[PDB]
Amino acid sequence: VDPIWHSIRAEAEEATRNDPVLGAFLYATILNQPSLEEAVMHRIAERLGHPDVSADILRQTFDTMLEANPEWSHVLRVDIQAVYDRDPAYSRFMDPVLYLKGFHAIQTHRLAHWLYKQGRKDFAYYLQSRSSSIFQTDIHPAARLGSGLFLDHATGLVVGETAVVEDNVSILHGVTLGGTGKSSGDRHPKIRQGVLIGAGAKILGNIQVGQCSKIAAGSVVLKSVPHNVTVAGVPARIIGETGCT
C-alpha cells in the first residue's frame, strides 16, 4: 500500500467532479502523475518556475535529486504526515501537497541543499532566492533540516547558514534562526527534536533549544534553552516545564 498517495488521488478525483474548472490543475499535478514524489516535485516546480529558469528545468533537477536520494520518499511522507497530525485547519493529505507554501519550502530547501553539496552553488542560491520571493522563506542552502518538519503559515522565516533543525520540529511564521553579530563561523541556532517555535520568535546565535521545548510567540531567545521547558518574552525566560508528542 501507499495510503497517503491513494488518499490524495481519491481526494483529487472528488475535487475535480465537484469543481470541473480546476480539472486542468488537479490532473496535471496529481491525477496524471504516477507517484506522490512526482506530484510533489511537479507542484513545487510549477510554483517556482519563471522565465529566468523554467518549471521544466526545476522539475528535471528535482528528478535527479530524488534519484540520488531515495530516502526522500520516506522523508516526504513523514513531512506530509506532520501537517496532517499537527494542523487542525485542513483535513486532507492533499492540502500540503497542493497549497501549503511551508511544506513546499521545506522540500525546496532539501533540493537547494543537495545542489549546494554537489557544488551547484548557483542553482542552490537561485532556488533560495526564488523560495524567499515566492514562499517568503529565506533558508540558506547549507542549513540542515530534519524530517517531520512542520512549517505552519511560514511567511518571513529566515534560517542561517549554520542552523541545524532536528526531527519532528514545528515552526511558525515570522521565525528567525539567525546570528547575533560577533558572527564568523558557527553562528546560528541548533534546534533539537520535538521543539515548537511560535510566531515571530527570534532565536539568535550559536545556541541550542533543547528537546521538546516550546518557544512562545514573540520571544527573543539569546541563551540556550534546556530540554522540556517553555520560554517566553523579550528577552526569553523559562515560564514552565513541558512535554513532547
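Position 1 is the first residue in the sequence shown; the rest follow in order.
Comparing 177 to 185 with 204 to 212, the higher mean C-alpha B-factor in the PDB entry belongs to 177 to 185. Between the stretches 221 to 229 and 16 to 24, it is 221 to 229 that shows the larger average CA temperature factor.
The entry lists C-alpha B-factors for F135, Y126, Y84, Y116, and the highest of these is at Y84.
Across the residues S91, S131, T155, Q107, the deposited record lists the maximum Cα B factor for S91.
The entry lists a Cα temperature factor for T64 that places it in the middle third of the chain's modelled residues. When the CA B factors of the chain's modelled residues are split into thirds, the value for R120 lands in the middle one.
In the PDB entry, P34 places in the highest third of its chain by CA B-factor. Among the modelled residues of its chain, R144 has a C-alpha B-factor that falls in the middle third, as given in the PDB entry. Ranked within its chain, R77 lands in the middle third, by CA B factor from the PDB record.
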